[PDB]
Amino acid sequence: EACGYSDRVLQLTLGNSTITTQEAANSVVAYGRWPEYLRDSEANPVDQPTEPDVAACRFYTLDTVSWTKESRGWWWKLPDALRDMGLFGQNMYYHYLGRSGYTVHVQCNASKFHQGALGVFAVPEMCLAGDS
Amino acid sequence: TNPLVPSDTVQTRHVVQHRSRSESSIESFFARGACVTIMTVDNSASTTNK
């Protein structure tokens, strides 16, 4: 844009939280589907749902990990990784049922003299293999 | 029997119900062959005591 808007420079705001980035590579919407609330025609439990809205739909930052030459990779599961995150976690443990979409923002800056490439994958039903 | 539905005693949401009772119609409940007997016959020579 001639007003300066860039594919690389984004701002995301959810609830009381804002993320800025100046070196993005656009952003992905998985399978082209934006998150949505459950529609009446697809509904199943009949009780009134709770929708905590801004109290749970906000950015939670997890513990920072460290990338080195010996790193083989990292994994997390959702909603598990957020089970202890504020009122989202509370709502999760108080109810039998729950559904949620997510904005995932992975952060890793370095310098024009560093190099490396992280593949960041969101996998539906990411069943992992056991040690046995 | 008290004809209640969930919205009578709790807060409910709107749900568009798609389920049906098609398989529990009297016809559907009985629409199966069931074994009622086993008959035994043979093809042996008839002889004076059998």
# chains A, B, ... in the order shown; residues from 1 in each chain; ligands from 1
$ interface_residues --of "chain A" --to "chain B" --cutoff "8 Å" --atoms "only C-alpha atoms" --output "CSV table (one decimal) with C-alpha atoms, in the first residue's frame"
chain,number,residue,atom,x,y,z
A,40,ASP,CA,-27.8,-24.2,16.2
A,41,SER,CA,-28.1,-26.6,13.3
A,42,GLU,CA,-24.9,-28.4,14.4
A,43,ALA,CA,-25.5,-28.1,18.2
A,44,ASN,CA,-25.6,-31.1,20.4
A,46,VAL,CA,-28.9,-28.7,25.0
A,47,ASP,CA,-28.0,-26.7,28.1
A,48,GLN,CA,-27.1,-22.9,27.7
A,49,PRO,CA,-23.4,-22.7,26.9
$ select_by_dssp --residues "chain B" --states "alpha helix (DSSP H)" --output "PyMOL selection string"
chain B and resi 26-30
$ write_last_selection --atoms "C-alpha atoms" --output "compact mmCIF listing (two decimals), in the first residue's frame"
# COMPACT_ATOMS: atom_id res chain seq x y z
CA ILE B 26 -42.91 -51.32 15.88
CA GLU B 27 -42.14 -52.57 12.33
CA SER B 28 -38.42 -51.78 12.62
CA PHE B 29 -38.11 -53.25 16.10
CA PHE B 30 -39.47 -56.56 14.76
